[PDB]
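Topology and contacts: notes
This is what each chain is made of:
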Amino acid sequence: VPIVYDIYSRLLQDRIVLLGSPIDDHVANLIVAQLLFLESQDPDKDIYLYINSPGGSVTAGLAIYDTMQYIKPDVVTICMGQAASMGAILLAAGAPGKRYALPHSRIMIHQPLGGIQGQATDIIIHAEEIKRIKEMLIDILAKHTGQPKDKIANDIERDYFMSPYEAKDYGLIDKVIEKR
Amino acid sequence: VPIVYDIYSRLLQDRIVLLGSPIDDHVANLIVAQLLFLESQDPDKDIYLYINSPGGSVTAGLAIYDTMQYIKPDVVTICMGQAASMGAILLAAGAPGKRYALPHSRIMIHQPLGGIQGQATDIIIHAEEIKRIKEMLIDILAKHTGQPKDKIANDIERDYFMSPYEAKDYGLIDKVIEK
Amino acid sequence: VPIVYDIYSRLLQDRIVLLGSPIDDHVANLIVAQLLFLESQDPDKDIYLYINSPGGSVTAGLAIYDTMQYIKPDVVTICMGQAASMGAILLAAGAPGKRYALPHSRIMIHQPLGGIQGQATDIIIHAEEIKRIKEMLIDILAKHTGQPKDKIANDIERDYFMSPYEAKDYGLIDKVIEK
Amino acid sequence: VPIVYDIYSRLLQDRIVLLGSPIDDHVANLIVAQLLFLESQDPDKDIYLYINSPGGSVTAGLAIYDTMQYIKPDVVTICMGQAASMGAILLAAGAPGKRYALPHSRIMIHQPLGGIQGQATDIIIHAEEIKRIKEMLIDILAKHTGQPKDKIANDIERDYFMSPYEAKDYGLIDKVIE
Amino acid sequence: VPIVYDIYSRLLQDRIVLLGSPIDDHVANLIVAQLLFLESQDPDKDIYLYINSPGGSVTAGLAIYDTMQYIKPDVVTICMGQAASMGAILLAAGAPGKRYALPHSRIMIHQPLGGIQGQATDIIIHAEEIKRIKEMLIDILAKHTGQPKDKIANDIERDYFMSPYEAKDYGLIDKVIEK
Amino acid sequence: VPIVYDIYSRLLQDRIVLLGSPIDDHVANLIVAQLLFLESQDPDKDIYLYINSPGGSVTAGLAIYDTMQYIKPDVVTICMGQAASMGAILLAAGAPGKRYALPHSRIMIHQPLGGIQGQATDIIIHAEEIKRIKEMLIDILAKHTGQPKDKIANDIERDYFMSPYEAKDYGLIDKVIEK
Amino acid sequence: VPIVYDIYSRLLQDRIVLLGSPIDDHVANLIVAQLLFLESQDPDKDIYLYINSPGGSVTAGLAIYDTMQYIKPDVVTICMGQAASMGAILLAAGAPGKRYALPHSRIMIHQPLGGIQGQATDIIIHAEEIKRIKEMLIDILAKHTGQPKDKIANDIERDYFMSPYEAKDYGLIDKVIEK
Amino acid sequence: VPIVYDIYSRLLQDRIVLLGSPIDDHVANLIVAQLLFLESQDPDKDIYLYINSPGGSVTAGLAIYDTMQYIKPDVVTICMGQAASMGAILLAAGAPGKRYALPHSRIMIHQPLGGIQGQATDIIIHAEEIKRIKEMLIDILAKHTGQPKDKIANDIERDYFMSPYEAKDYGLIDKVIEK
Amino acid sequence: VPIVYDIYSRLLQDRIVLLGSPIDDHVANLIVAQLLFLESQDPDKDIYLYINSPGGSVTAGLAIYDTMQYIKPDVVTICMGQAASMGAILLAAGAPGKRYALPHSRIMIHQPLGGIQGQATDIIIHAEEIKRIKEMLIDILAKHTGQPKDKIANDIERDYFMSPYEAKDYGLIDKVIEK
Ligand SMILES: *C(=O)[C@@H](C(C)C)[C@@H](O)C(=O)N[C@H](C(=O)N[C@H](C(=O)O)[C@@H](C)CC)C(C)C
Ligand SMILES: *C(=O)[C@@H](C(C)C)[C@@H](O)C(=O)N[C@H](C(=O)N[C@H](C(=O)O)[C@@H](C)CC)C(C)C
Ligand SMILES: *C(=O)[C@@H](C(C)C)[C@@H](O)C(=O)N[C@H](C(=O)N[C@H](C(=O)O)[C@@H](C)CC)C(C)C
Ligand SMILES: *C(=O)[C@@H](C(C)C)[C@@H](O)C(=O)N[C@H](C(=O)N[C@H](C(=O)O)[C@@H](C)CC)C(C)C
Ligand SMILES: *C(=O)[C@@H](C(C)C)[C@@H](O)C(=O)N[C@H](C(=O)N[C@H](C(=O)O)[C@@H](C)CC)C(C)C
Ligand SMILES: *C(=O)[C@@H](C(C)C)[C@@H](O)C(=O)N[C@H](C(=O)N[C@H](C(=O)O)[C@@H](C)CC)C(C)C
Ligand SMILES: *C(=O)[C@@H](C(C)C)[C@@H](O)C(=O)N[C@H](C(=O)N[C@H](C(=O)O)[C@@H](C)CC)C(C)C
Ligand SMILES: *C(=O)[C@@H](C(C)C)[C@@H](O)C(=O)N[C@H](C(=O)N[C@H](C(=O)O)[C@@H](C)CC)C(C)C
Ligand SMILES: *C(=O)[C@@H](C(C)C)[C@@H](O)C(=O)N[C@H](C(=O)N[C@H](C(=O)O)[C@@H](C)CC)C(C)C
């Protein structure tokens, strides 16, 4: 990790945040901390969240999602490499009109996965909870894309891969950017 | 395994079957084979099924259960050591009036357990199937015990351990035998 | 494995074959050998194939399937415990009118699964192959059930669990037998 | 394994041999032993070789191949489930006109695979040997199928899967049994 | 890692970036961060990207590729040791006329690799995706080399190794540099 | 292992011995026992030694070699699949004029391999022993092929693979047999 | 790693670089970064590269080799402990007249090693690539030693160990230094 | 590692170097770096090398050995705990008259150990190399002890343990120090 | 490790050294470094060595022991928790009249342990060395305690555990710290 301030700390001074890993509680804490820090520095200036993530923990993802919606600054989202699963939800959740993808990035949406062991009663309790979480993710995708809930629900049953041009047509991003 | 015929083959001549292990497909296949064999040897004479089992696979247990009900012979059940989970269901599934427990044996009933990984759609499908299998086990226990389904349903939510005299009172066996 | 002749061989004299494990090449060879043997003993007398299997290898399952169709004897199928995946296909593949399930067994049909690693060219070749295998399994289920291909195709996309009475309505079995 | 004689020993009396596993040296010795035994019992009567194999060792497969060609009895081959890689070569190597597939079996041919670690000199020696083995397998397929060598060579570059009716058209079997 | 500023940070002052590892998401983030930092220091001055990489993740590689194309500064690419797979794409993607290789380096291009397990439907979906990715990599190579798409497609079916002089003839680099 | 006598015992009655595995002490003892048994049955009648072996332990191989030379009966050698390393030595060691290869078999000769760890003194002692063993294997090959020792020595420095016809020319076999 | 600057960073001030480990991509990057840094500090002053290495990756080694030939400063090479394999190539690659070995060091040259698994077509492509790499290493050794290519080729077939005085006679170093 | 400068860095100011671990390439590089640093700070003043080592890699040990002889400063050696194998060679290699052991330390000399797997040709090449290395270690011990090479050669065949007073009589140290 | 200087570095300013771990070569280097550092700061002022150790390597322990006797400063030893095996020897090796234990600490002395594998000759050589080491530890304990050698030898044959009061009466410490 090179020095100038480490390279990431230096980019943080330009209000750039990198989400460049699978999303777990550790990564969510780091992303939330940076968004809260940048809001306290200047609540009016745009934040630039670069996304290269295959996704990860739904609850960790929703910690970042609710923080992005709650803070005053607009969060600009930029997809490089890929925004898949929870990564795709965070890309789509950027400020309206300020959601970007680079031209050879890919976006993928799909339903959540789970694991549950134990008594039938407990399996049914956890099946109910994953159902509630799935409906929530459908609701979030519908709100940010403008797609009807029944189209989102049908499309995420299996892995749904999109080029940046397909993601733009879907409403997951506003623009494909090639050159500054 | 001692010889006379190995000891189990010798007891099979007196129409005695030993269910003395956890229930998997291998054990189910062997118990089913012995029941079908004894029926073909004599469809009229009682079979004696000794049960010492903590249970195991539900589908393996229900292969044995349906075979016990399907064959012509009455299947006498005898609990020694324990009949728990699926073992208790097989003990309760003996011919009416011919379900026995030795005095220091224990009987335990409980709801089934499971494990499912994958997409939410698949988890929900497998949760529906475990619900259907649980209802089936409640139906079987109600039928053989004379208890209502709603009482069985409430009683199997947690491990329900019984002495032989409590299992007799519950309707899981007909007699505690001492001598 | 008790002695009388081991228990399985003694039942083989009555033309009883047990498929009571996951299906791999080893199991298919054993089932095929018993089917070929019973045909050579008497080409005209029914064979009784008891099925308790979660399925397994598609090609191993189709070795059994084709042998069941090819030999002269009718193959009576009886589901005990479960007939899932390839097990369900073999249950459905019994002689018309002689496909049975015990009342607490479960039947499940679903699309084939696979694993492939390597170059994009090889992944596409193997994708084409699993597509061909899937279409063949839909055709086999359509033939034996009398269901239309598009209904089978829709139903097997996810795990499709049935009670014996639902399996009878679907056309996978002809009769639910209690006694 | 059931007792009647175990079931395989009983079917061996009817000149039935089951190749129902991946092919290694152990399996090749068992098949060769069964072929030599059946020849000594009766050099005139057909042998029935049922094949359900994903393949395995080339040299083990060629021990079975050469034994099939060498003995006096015709070896009838029957594909059930699958005949892939060396299994497909053994299927195609049955007595002309007596190579059969059950209708839901599958047949697959492909070039051989290898592994070699060590000095450049040794790697080059083993590459020359896999090249020689590959040309030999092409020659065997050409001989038994009647396909030109350059068509075989092109087709086995990648996994080449066939239904029984496609295998019959290719010349790997004579009849799909209905 | 020696100190003057660590050695890499000191070379970063001279607008030198080292890509000297397999490409995963962690490496891509570090390279992109260096490219965005250097652009913000001076959007008009060349960046020098040294490449010694066997490749790695296609999506991680394309994060770097797209960032290289997006920023204002020309990115000079220098191959040392090797540029294989995605390393060869990043080498070929340097500013026109400013793509270099040292004389004993090697360059290799090949089609992408994948791994997929599960239901036929999911295998087919992932086969479609790797096909799309393969066609995109062919398009990128054709663009930066000036080779027709059909020649690239033919050449990447198997590992295509080149000397620096063959790589220049192919259009992957502009000059072999010695001194 | 099928029954008639197991299949191998039945072939042993026709004086057929199968060497179809790597050569270790266990395999060597089995082959020697079969050779000693057949000699005691009839010291005048040929033995048929089928060889499909990648080789193995030099001392285990030389136990077989010396037994083949020592017994009264001619040992006919037949290569099927492969005779590599010690397998090729045993093939070459058959009675003169009675060494055969099937037409798609392969023969391979190479120098011995070893492992030694410990004090320099012990390493040098074991290096000397491996030198002595290698010289002995070159002498055996020269004796049975009629090749000069310096040609054998040059040829076995690396893996030397041969078709049956190359092996005939070399003097490792007498005839390639098709029917 | 003691502090003064850590000890290595303090020696880097005197233009001393330590290659004291097996050569991988990580090590190549660190050596290249030090060579480029020292060139930018002063393009005219000698660099001192101490080599204690058993070797490692050929491509990692050739990244260092090409960097050593490309930079303006003469690279003085000093062998301590050993320079084996790619280590020996880097020792020989120092500025003419400025290649040194300490008197109890050892130098070893040998041909490259590789590993390839997969289809025959892929094995042959990689066998061709390792042939090209071996011929390139022979070319580099011939250039820096003045030995004929055929003598190098013969000598590197097996591990070729040299004392410092033998390495000087071979043309791999210019001087053995004691005090 | 306590701070004042960590404790080792603080003692390095008083020209004290600690060799207190097994000797591998990493340790060799750290000791060589400290010796080269202290020479550049003051080429005339004594260096104090404390040795507590069971030894380790011969080539790593010889990198330190040759550096100790090559630099201008005298290297005082002090044995604490033990100086065994390569540790004993480095102890004996100190400046004449300036080799010390503490009174409860132990010194042990022995021949080198090795390990080689592969072809007979490779084993013989590596037996020759271990012989050459052993002769070189004998020459070094003979030079610093004043013992004849043949006496050293006989004494190192097995583990030769010495008290400090025995080591002094042998010529491995000059003085046993107490207070 | 808290900061003020880390906490250990801050106590080192008060000439406090903590031996709070099993004794290996790494721990000995650190303890020796701290003792040599404190001696160079002030050769006249006491050093306070706190000991909480179950012991460990004999040669590592004897490096600390000899350093404790060799330096000019008195080393005050304080037992806290335990001083077992080599820890007890170091506790007893403190400056006469300045060896302390806290009142709920424990002191244990025992003979050394060893592991040796290989040829009988090597086992006998290492058995002789272990005998010599044991005699040396007996001689060190007799010196510091004033006990006769034959009493020490008898007492250390098995684990000999002592309260601080028993250790004082034994002569291993001078004073139990109490209020
Ligand atoms: C995309 O990011 C998905 C996977 C990483 C591919 C992600 O959305 C997902 O499903 N994650 C799973 C998850 O967090 N599941 C939770 C759980 O932790 O149990 C369920 C409650 C969500 C319904 C991971 C893979 C467990
Ligand atoms: C008693 O026998 C129960 C346990 C063994 C204690 C038994 O009835 C049970 O729940 N077994 C479980 C089982 O068979 N579960 C299956 C499954 O996960 O496949 C469910 C479908 C049953 C509803 C365990 C898994 C053996
Ligand atoms: C039911 O029996 C399925 C089991 C649940 C696995 C079975 O039909 C199945 O899909 N089996 C898979 C299989 O045989 N796949 C083959 C194969 O990979 O060889 C594909 C070619 C089938 C199209 C097992 C689980 C791999
Ligand atoms: C079909 O049977 C192939 C299978 C995928 C194994 C088979 O023909 C194959 O290539 N087998 C491979 C093999 O035997 N390779 C040998 C060997 O390395 O000994 C080569 C020399 C053949 C060119 C192995 C068993 C995968
Ligand atoms: C070169 O860099 C190739 C490999 C490293 C040899 C690279 O192009 C490649 O194929 N990488 C592979 C990859 O990223 N595959 C993904 C995947 O399977 O997830 C494709 C789906 C990309 C769309 C892996 C890293 C071998
Ligand atoms: C052929 O059979 C060789 C095989 C590749 C193993 C064989 O001749 C060989 O070298 N075998 C090796 C062997 O027995 N080596 C002995 C030994 O170490 O005991 C040497 C002492 C004989 C020179 C096996 C692979 C170790
Ligand atoms: C000396 O440095 C050699 C060995 C490390 C002793 C070295 O030159 C060598 O052969 N390295 C091998 C190597 O890099 N092989 C590559 C590769 O596999 O990528 C071949 C292509 C070399 C032509 C290592 C040991 C794999
Ligand atoms: C003492 O230090 C010896 C051993 C560590 C006990 C040491 O001298 C020794 O023999 N080391 C050995 C070694 O370095 N061997 C090399 C090697 O195998 O490469 C030989 C070539 C040296 C003749 C090993 C590390 C124990
Ligand atoms: C107390 O400190 C003893 C053990 C830790 C309990 C200690 O004195 C001891 O015996 N340590 C042993 C040891 O160092 N043995 C050496 C050795 O093998 O190097 C012998 C040479 C000493 C006779 C080890 C730590 C068990």
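Residues numbered from 1 in each chain as written, not as in the entry; some residues may be left out. Chains lettered and ligands numbered in written order. Part of a larger assembly, values for the part shown. Heavy atoms only, no water.

For this coordinate set, the PDB header names X-ray crystallography as the determination method and states a resolution of 2.10 Å.

Going by the annotation in the PDB entry, the name recorded for chain D is ATP-dependent Clp protease proteolytic subunit, with Aquifex aeolicus given as the source organism. Under its PDB record, the entry appears with the title "Structure of Staphylococcus aureus ClpP Bound to the Covalent Active Site Inhibitor Cystargolide A". Regarding chain D, the relevant UniProt record gives this comment under Subunit: "Fourteen ClpP subunits assemble into 2 heptameric rings which stack back to back to give a disk-like structure with a central cavity, resembling the structure of eukaryotic proteasomes." Per UniProt, chain D carries the Subcellular location text "Cytoplasm". (UniProt positions renumbered as here; feature names shortened; annotations may be inferred.)

Under the PDB entry, the name given to chain A is ATP-dependent Clp protease proteolytic subunit, and the source organism is Aquifex aeolicus. According to the UniProt record, the Function comment for chain A reads "Cleaves peptides in various proteins in a process that requires ATP hydrolysis. Has a chymotrypsin-like activity. Plays a major role in the degradation of misfolded proteins." As its UniProt record puts it under Subunit, chain A is described as follows: "Fourteen ClpP subunits assemble into 2 heptameric rings which stack back to back to give a disk-like structure with a central cavity, resembling the structure of eukaryotic proteasomes."

This part is about the UniProt feature "active site" in chain D. All names here are of chain D. Taking the numbering used here, the UniProt-annotated feature "active site" corresponds to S85 and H110. Over a stretch of 26 residues, the named residues converge on one spot in the fold, their C-alpha atoms separated by at most 5.9 Å. By the element assignment, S85 lies in the loop between β3 (75–84) and α4 (86–92). Contact partners of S85, with chain neighbours within four places excluded, come to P54, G55, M108 and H110. Take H110: it is sitting in the loop between β5 (106–109) and β6 (113–119). Leave out the neighbours within four places in its chain, and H110 touches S85, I156, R158 and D159. (Helix = DSSP H or I, 4+ residues; strand = E, 2+ residues; numbered from the N terminus. Contact = heavy atoms within 4.5 Å.)

Listed as interface residues are 34 residues of chain H and, on the opposing side, 30 residues of chain G. Measuring nitrogen to oxygen at the nearest pair gives 2.9 Å for the salt bridge that ties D122 of chain H to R158 of chain G. Summed over the shared surface of chain H and chain G, the result is 8 residue pairs in polar contact. Looking at the side of chain H that touches chain G, the elements that each hand over two or more residues are α1 (7–13), α2 (25–41), α3 (58–70) and α5 (120–145) of chain H. Looking at the side of chain H that touches chain G, the element that brings in the most residues is α2 of chain H, giving 12 residues. (Salt bridge = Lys/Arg side-chain N within 4 Å of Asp/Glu carboxyl O. Polar contact = N/O pair within 3.5 Å; in protein donor to acceptor, adjacent residues only side chain to side chain.)

Our next topic: unusual backbone geometry. The phi dihedral of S85 of chain A is positive, around 55 degrees, even though this residue is not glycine. With respect to the helices and strands, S85 of chain A occurs in the loop between β3 (75–84) and α4 (86–92). Residue classification places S85 of chain A among the buried positions, given a relative accessible area of 14%. One non-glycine residue, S85 of chain B, lies in the positive phi region at around 55 degrees. Inspection of the secondary structure assignment puts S85 of chain B in the loop between β3 (75–84) and α4 (86–92). Under the relative-accessibility criterion, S85 of chain B is labelled buried at 13%. (Buried < 20%, exposed > 50% of the residue type's maximum accessible area, 1.4 Å probe, protein only.)

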